[PDB]
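Peer 1: below: the sequence, then the experimentally determined structure.
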Amino acid sequence: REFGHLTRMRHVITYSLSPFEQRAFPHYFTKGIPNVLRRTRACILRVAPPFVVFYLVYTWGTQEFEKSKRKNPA
Amino acid sequence: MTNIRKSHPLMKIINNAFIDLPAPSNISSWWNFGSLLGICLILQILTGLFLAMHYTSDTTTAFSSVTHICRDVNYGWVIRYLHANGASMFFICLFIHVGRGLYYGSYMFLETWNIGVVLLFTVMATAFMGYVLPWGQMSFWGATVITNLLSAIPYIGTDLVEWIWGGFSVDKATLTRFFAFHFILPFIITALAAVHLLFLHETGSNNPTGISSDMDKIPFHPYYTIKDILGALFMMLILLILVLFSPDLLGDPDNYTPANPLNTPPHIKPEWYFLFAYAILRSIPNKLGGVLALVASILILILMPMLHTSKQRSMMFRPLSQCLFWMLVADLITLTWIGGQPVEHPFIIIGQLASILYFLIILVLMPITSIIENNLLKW
Amino acid sequence: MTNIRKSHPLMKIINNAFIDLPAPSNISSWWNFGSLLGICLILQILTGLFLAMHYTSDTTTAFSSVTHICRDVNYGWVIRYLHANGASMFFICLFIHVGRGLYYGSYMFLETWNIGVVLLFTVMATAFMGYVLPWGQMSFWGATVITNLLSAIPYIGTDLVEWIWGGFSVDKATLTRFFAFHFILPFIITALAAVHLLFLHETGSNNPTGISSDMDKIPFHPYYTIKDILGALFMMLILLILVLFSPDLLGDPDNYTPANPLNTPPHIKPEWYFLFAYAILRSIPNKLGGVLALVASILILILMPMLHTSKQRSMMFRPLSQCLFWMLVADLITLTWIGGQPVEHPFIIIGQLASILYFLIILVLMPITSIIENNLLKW
Amino acid sequence: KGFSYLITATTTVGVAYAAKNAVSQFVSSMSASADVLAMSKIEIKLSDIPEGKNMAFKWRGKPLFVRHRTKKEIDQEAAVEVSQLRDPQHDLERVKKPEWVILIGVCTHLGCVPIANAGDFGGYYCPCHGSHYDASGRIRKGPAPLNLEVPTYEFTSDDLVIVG
Amino acid sequence: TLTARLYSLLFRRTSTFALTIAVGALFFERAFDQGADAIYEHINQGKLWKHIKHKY
Amino acid sequence: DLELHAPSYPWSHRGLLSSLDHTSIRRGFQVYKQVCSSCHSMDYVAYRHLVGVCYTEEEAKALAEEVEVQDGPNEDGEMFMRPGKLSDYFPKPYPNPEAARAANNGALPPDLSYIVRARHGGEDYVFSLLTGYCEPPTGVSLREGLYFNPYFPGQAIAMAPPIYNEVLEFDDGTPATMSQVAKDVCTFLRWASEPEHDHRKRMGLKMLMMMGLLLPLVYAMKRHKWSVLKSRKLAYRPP
Amino acid sequence: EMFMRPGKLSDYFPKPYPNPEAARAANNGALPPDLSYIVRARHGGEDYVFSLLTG
Amino acid sequence: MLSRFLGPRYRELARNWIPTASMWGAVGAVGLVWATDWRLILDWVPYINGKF
Ligand code: HEM
Ligand code: HEM
Ligand code: HEM
Ligand code: HEM
Ligand code: FES
């Protein structure tokens, strides 16, 4: 698993630059915000609905406890 | 003639386990939790020892000794609340780690997965015995309830329960043996974590895409050391916020009352990280069935490598499976909340439905949905 | 298909450890003690746990708790005296192991030798901290004297002793810290012993003859497993004799008395295994000289690889060195006998002479004898 | 390179501050706690001692030695073998109190507690290795090479006294 | 540049780097403690013991 | 059934970086001294903790000297009285725990060393419970010797109304109105439960500033080292 | 009140003097050592104890 | 060992590493002073003595 017998590649070229030549925050907000918005758009329609229905269930149960708790006119 | 880093035996092990270990280039922030738990473990041990040097595991003095720690020991309160909230953080990171493993199809690592399940069980046992030590009202009565749980097992039953109790019920002897078991267990956890890492290293790691990353491995030291250091700094931020701004946020106030066995507190709930099991306990009317469901809730993680049927290791390219997983997570929070609440008409039915859904998603919905996805994707 | 023993990583480590490890066929019985130490360690840990499950760590209820272990806990006296005498067996095996290392030149394995010295330091520290726990008269006054020794350190002495005391004398704080460190330390010893075995396996064991045994090797399993089993049975026989027939043979009766800080025992002495160093510190008049000689008495094992000058590794073929080694052993027994005896003529002179002769043999007589040895064999 | 390494240097400085203020927490925890930080102010009183009677109490985890110096020693022992006496000291040099000499209860040979009202004179005889101590704490015969150190006696008004 | 001078005066050598870090921490501890304590006292002015010792 | 949760009062220390008003702590200790200590008990805190918080050393030692405390065996084994010292915990009004119930109707007064941190709701509860006494509503009769308090669970407390206007005289001279007494004693009880409150907030401020400094820098270091990989440009040139 | 009642099986052996200081005061000033461990706390054991009592 | 390390090239290496080793020792001394909060030394440096 050590380096040397991981896999086999051919005709693959990797260009890279020194960390001392690039800026560690290249367009942090110019490109970061659109990417975060795109990721949120991709994920929200799958992650939100279970949590929103959990919130509905929690509120409903919390209100249900009181009226069963409340005084019954009799 | 040769670098010491990869020639000295201990240095060789450290090198090929933390420095030159080939790791996937695109592991997300979730993988960082694997480090945090370990750090939490050390933070649990190193802080915990410093409580053991002023804690007397005696019924007549345990609570008084803890109050002495928090009021008279120099910076003792920091150690005590750091320990408690660090245990809470440990469980948070543990749950997030299990979620990461389940999501990105990591349970194909089998041996590592089973070792992780064993570690999880040991950690829950450790926290259970730990909560008893302050000998508060909630500590005492939660210990009473959880130990009385074991009376449901057939035949042996009460004999096993009294064997654990060291008597007719929880008392001085029970406190002392809980303290000793609590001291020993985390070192077993450390050895098991070493075995977990050993098993994991033979195959590498699961990247978020789920495909083999042998074509993009990078050395661990330059990148992931600093990445996990940033993660540990974030975890320290959260933990220190909890300790220094709301120390008892995740903690019942009644534990600040000396344990009086003649008064049942109005509410008897375990620590926040046990409620999901306890709620399942409340769901099953039968006591034996309740205990079996409680243990099966955690044991079901072993069945996961057998219940995976989709031809894709990860869940990154599987939308309906993603929706099912997030429904499972929401069900887990629902179970936690239900366990927090008492047992009345609004909550009993919700607990039953939540438990049924929690088992159904893992055992039924997820595999059938994986079949549906495989069929939908022409394979 | 692969053999699980040689393919499963855990079973692979076990296999390379003590299943198919190439060991010399001619290693004498003196090697068995190594395993015995580990066995003793394991036994100790077990007994320690069963002692920590009924022992409070408060000055008010320490000693009484121990009596409750002996008088009330079902089969409690057996566990207590098993621990007490297993400590003595542990130190007997430790001393015999050190003697074996000195004799057959096993200290030439440098890393294992240094790791062993660290293990020795940790073992004596652990045993000393354990002896304080019963809180008898001997425990209290011995802890007082030993920690008062640290006040001889220049500049930072008084602060260090007050800090370790957790106050201004041996009291509740010191007892609780000693309990916590006594709990944790043996696990550190276990880790260090694992490192010891790791370092040993990269070079293989040394035979009594000193010559490399690479040509004549046997698998560890079919022979040395049963040989160490027999050794463990014999050590169990001796330890059980001590526990069942004379449990307090190697124990000062004064320990069976509540620790009263207003009354010293007429005679104050450590346990037997600590006398050899204790008498040494008694020899040096200067208070700091006593501490320096105390630390040197054990740290001088570090210089053994460097002081070696004979062309032959072992001592089977060096009669003069053999007489020197047995002189050293007799001198060690002399120091052990003297330490218990009160300081008074002639024991002052005999102790001073014994310490001087010990250091003279270790540093001067042995290397000079080896240099003379080489000339007699034309090298 | 200066900017990039300045980031690292400031990070390391912050980490050093945090590491000190974290390790110091534990180290100070392992020091003496606040409850035992209420010491050295024992409110014992001298109205239970005439010449020869030799009470001893507990203080700082060690015995202290409250003894009315006998009518003999105050006048003779102040000049009995003042030459060497194995240690040079005069009686009122030990304590400003001329009738209520107080000491610590650790015999200054190896670490012990000398039992009171015994010895060839009869002040303090160390049970360990003999070494009788004079009724004011002086050493004349015995393996003990030094006299009892006298704690700072902050004698309050009237009978009530403070040691340390 | 000031940064370049700082680098190739006091940053190039890792041992000089360590000395710089040590002295910087020495001064930073005092500066940070003073500043944080001053801020915290300013927020709770009149509500701490040190602000009312004069009265009693 | 039903219980009335205490409203969230605007305490001086409610703020994220706020500290207990130590003058109010001194007044609350006065209240405990001459009101609550008569029947209620506090053990885990002692006169020593008073110095540097609400009383000076001279005042604290005078306060300790005022009370009488039982000591150890006498010269013959007697239980001799002794003027209390700074190292003495606050005296317990009733010797044995059952004697407290016997003197009262039968409910023992809980110790206040943690009552703020043990009761769900915090000071808002302990405050309101004192300033919440009212005549019982119609249709619910209370036993003789019992008192109706909406905030106390069960709505039936065994307290004689402890705090009423003009009960004690503060040393400072502030008005002794019932609300003032309740607020000051509640602040003192909060201090009793959490003596390290002010120090905790100070360290929290230090932690917030230190992390707001470190986290951007460590993130910058991570970005620096990872920028080799986040800017790499791959290329594929098969023959 | 700390009332009175006959001892039962679970009760430990009676203690004559309330506090050890009272024990010292009642005698010349010495403390009668607890006999629960005397044999195995003194060098000599039953031999020493017999010699002390009858010697 | 007693003579193998005693050589002109070894002496020159010692001279080469004297600045590095010496100011590493200075690093350690200052770190020890800072960590232990050694008043005996810190009482002389300005603006730091105000802490005490
Ligand atoms: C696996 C990691 C650990 C977890 C999850 C854990 C959990 C806990 C918990 C929840 C408490 C209760 C804290 C409170 O209620 O205030 C506790 C207390 C305690 N733990 Fe642990 N613990 C861990 C490791 C350790 C270790 C290694 C030790 C021994 C060195 C230890 C010793 C103690 C002691 C002495 C207490 C009592 C102190 C107190 O009252 O808080 N713990 N632990
Ligand atoms: C004691 C707590 C635990 C510790 C200290 C621990 C430690 C680690 C560490 C450091 C990693 C590597 C980092 C990573 O991949 O995230 C890891 C990976 C893993 N752990 Fe754990 N773990 C713990 C609990 C668990 C649990 C409860 C499970 C699930 C049953 C588990 C299963 C896994 C799996 C499957 C991986 C591989 C993930 C991957 O690399 O893709 N672990 N563990
Ligand atoms: C914690 C106690 C110790 C344990 C559990 C331990 C364990 C072992 C074991 C199992 C062996 C192999 C069997 C043998 O050759 O004896 C061994 C070898 C050895 N140990 Fe130890 N050891 C301990 C203490 C020490 C000490 C105190 C030293 C000396 C400083 C030492 C030095 C050695 C040496 C030199 C060998 C190699 C002997 C040879 O190859 O012939 N060990 N150790
Ligand atoms: C390295 C192995 C160990 C050694 C050499 C050792 C040594 C000792 C010794 C000499 C005593 C005093 C016995 C007596 O005076 O009666 C003692 C007591 C004790 N040890 Fe250990 N011990 C070891 C491991 C442990 C461990 C692992 C634990 C915790 C699980 C432990 C817990 C105790 C306790 C609670 C006592 C007090 C009971 C007693 O003194 O009889 N020990 N130990
Ligand atoms: S200790 Fe008193 S004479 Fe040796």
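Peer 2: Now that the structure is in, tell me what you want to look at. Numbering: from 1, shown residues only, chains lettered A, B, ... in the order given. Ligands and ions are numbered 1, 2, ... in the order given.
Peer 1: hey, where'd the helices end up in chain B?
Peer 2: Along chain B, counting by DSSP state H, helices occupy B:9-14, B:32-52, B:62-71, B:76-103, B:111-132, B:137-149, B:158-165, B:172-201, B:220-245, B:275-283, B:287-307, B:319-340, B:345-360, B:366-376.
Peer 1: residues near the nearest residue to residue D:160 once chain neighbours are set aside, how many?
Peer 2: With sequence-adjacent residues excluded and distances taken as CB to CB, 6 or more residues apart in numbering or on different chains, residue D:160 is closest to residue D:45, at 4.8 Å. Bear in mind the C-beta positions are built from the backbone N, C-alpha and C, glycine included. Close neighbours of residue D:45, defined as other CB atoms under 10 Å in any protein chain shown, add up to 13.
Peer 1: do the same with the one 3 residues further on
Peer 2: Using other CB under 10 Å, residue D:48 has 12 neighbouring residues.
Peer 1: what is the neighbour count of the spatially closest residue to residue B:342 that is not a sequence neighbour?
Peer 2: Distances taken as CB to CB, 6+ apart place residue B:267 nearest to residue B:342, at 6.7 Å, with adjacent residues excluded. Other residues lying near residue B:267 total 13 when counted by other CB under 10 Å.
Peer 1: CSV for the helices of chain B, including distance to chain A?
Peer 2: As requested, the helices of chain B are exported to CSV (distance: least, CB to the nearest CB, whole Å):
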stretch, distance to chain A
helix B:9-14, 11
helix B:32-52, 17
helix B:62-71, 33
helix B:76-103, 12
helix B:111-132, 14
helix B:137-149, 22
helix B:158-165, 33
helix B:172-201, 7
helix B:220-245, 9
helix B:275-283, 13
helix B:287-307, 18
helix B:319-340, 4
helix B:345-360, 4
helix B:366-376, 13
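Peer 1: tell me the contacts of the residue of chain H found nearest ligand 1?
Peer 2: Closest contact between chain H and ligand 1, by CB to the nearest ligand atom, is at residue H:35 (24.8 Å). Contact analysis of residue H:35 by CB atoms under 8 Å, 6 or more residues apart in numbering or on different chains lists D:20, D:23.
Peer 1: that one looks like it's in a strand, true?
Peer 2: No: going by DSSP: H, G, I helix; E, B strand; the rest coil, the assignment for residue H:35 is helix, not a strand.
Peer 1: that older thread, quick one: contacts for the residue nearest to residue B:342?
Peer 2: By CB under 8 Å, 6+ apart, the residues touching residue B:267 are B:252, B:254, B:342.
Peer 1: tell me where the chain has helices.
Peer 2: Went with chain A since none was named. Taking DSSP H as the test, the helices found in chain A are A:32-69.
Peer 1: oops, wrong one, chain F.
Peer 2: Applying DSSP H to chain F gives helices spanning F:22-34, F:57-66, F:97-103, F:115-118, F:123-130, F:178-193, F:197-230.
Peer 1: now distance to chain G and mean neighbour count too, for those, in CSV please.
Peer 2: Listed next are the helices of chain F as CSV, based on distance: least, CB to the nearest CB, whole Å; neighbours: other CB atoms under 10 Å in any protein chain shown:
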stretch, distance to chain G, mean neighbour count
helix F:22-34, 29, 23
helix F:57-66, 25, 15
helix F:97-103, 9, 14
helix F:115-118, 29, 22
helix F:123-130, 33, 22
helix F:178-193, 31, 24
helix F:197-230, 40, 18
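Peer 1: for chain H, find the nearest of those helices.
Peer 2: Closest to chain H of those is helix F:197-230 (CB to the nearest CB; 14.9 Å).
Peer 1: what about that closest one, near chain H?
Peer 2: No: residues of helix F:197-230 are not located near chain H by CB under 8 Å from any CB of the partner chain, the shortest gap being 14.9 Å.
Peer 1: gap between that helix and the chain center?
Peer 2: In terms of CA atoms, centre = their mean, to the nearest Å, the centre of helix F:197-230 is set 33 Å apart from its chain centre.
Peer 1: helices or strands up against that helix?
Peer 2: Contact here means 3 or more CB pairs under 8 Å, 6 or more residues apart in numbering or on different chains; DSSP states H and E; on that basis helix F:197-230 packs against helix B:220-245, helix D:2-29, helix E:14-43.
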